[PDB]
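Since the structure comes first, as structure tokens, the remarks are kept for the end.
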Amino acid sequence: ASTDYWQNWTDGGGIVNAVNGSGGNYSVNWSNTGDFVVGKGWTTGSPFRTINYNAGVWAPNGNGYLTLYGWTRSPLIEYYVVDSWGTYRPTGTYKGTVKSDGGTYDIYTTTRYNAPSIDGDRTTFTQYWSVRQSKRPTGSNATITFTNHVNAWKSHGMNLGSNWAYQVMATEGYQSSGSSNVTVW
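Under the authors' numbering, the residues of the sequence shown are numbered 1 to 185, in order.
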């Protein structure tokens, strides 16, 4: 499908060279950054969407995540479906697991305190996570059947908000360097 949203946020630290490519393609070169999130997807997320992607390049030199990323409002929730990472595997409060698209994911919840949110400024909000137990190989056509995660999260009392914000396949980094090239559809 055609993506209609381009996400390019940085807290201003270091270098983040994000390129909005043709169609659903984008690339990012970063070094000695603070926090940043770059990706392509949809302006309005959906719990029934099936995301396809191909990471032609996934080379983080430190903390970085290759992950489905999005937000909901009422309540404010930042969610993730992490397929690969760099030197640090994200974790939090273990809830259970879910099998989807050939892999097994651990389900975690965490909370952010006085952190920047989608609406600007800072606040406290919950994060929902689905983290693959082992890194998903890149360079191939991958699929993320989001409904599987949404349903699994639901059975653990992890309900998403009613107002859906953007939903993208992103590259997130934290105080690191690296490169990525991803195509989303």
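In this text, a Cβ means the ideal position worked out from N, Cα and C, and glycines have one as well.
Proximity winner among the options, relative to residue i (alpha-carbon distances)
i, options, result
"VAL57", "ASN148, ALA170 and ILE51", "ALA170"
"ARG89", "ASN63, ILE107, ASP101 and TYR113", "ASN63"
"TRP9", "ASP106, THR33 and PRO60", "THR33"
Which residues DSSP lists as bridging residue i, in chain order
i, result
"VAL168", "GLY41 and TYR69"
"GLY96", "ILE107"
"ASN8", "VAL38"
"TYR26", "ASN20 and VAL182"
"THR50", "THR145"
"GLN133", "DSSP output for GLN133 lists no bridge partner at all."
"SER84", "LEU66"
"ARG112", "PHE125"
Residue span of the alpha helix (DSSP H) that contains residue i, given as start and end
i, result
"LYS154", "146-155"
Extent of the continuous beta strand (DSSP E) to which residue i belongs
i, result
"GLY34", "No beta strand (DSSP E) holds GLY34; DSSP gives it neither H nor E."
"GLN175", "No beta strand (DSSP E) contains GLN175, which DSSP labels as neither H nor E."
Close Cβ partners of residue i (< 7 Å) along its chain, the five nearest in sequence each way excluded
i, result
"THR147", "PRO47 and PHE48"
"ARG136", "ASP83, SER84, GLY103 and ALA142"
Own chain residues within Cβ distance below 8 Å of residue i, not counting five before or after
i, result
"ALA165", "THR44, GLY45, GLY70, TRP71, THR72, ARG73 and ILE118"
"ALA115", "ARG122, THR123, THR124 and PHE125"
"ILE77", "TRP71, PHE125, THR126, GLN127, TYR128, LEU160 and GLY161"
Environment of residue i [buried if 16+ CB atoms lie within 10 Å]
i, result
"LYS95", "buried"
"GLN167", "buried"
"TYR113", "exposed"
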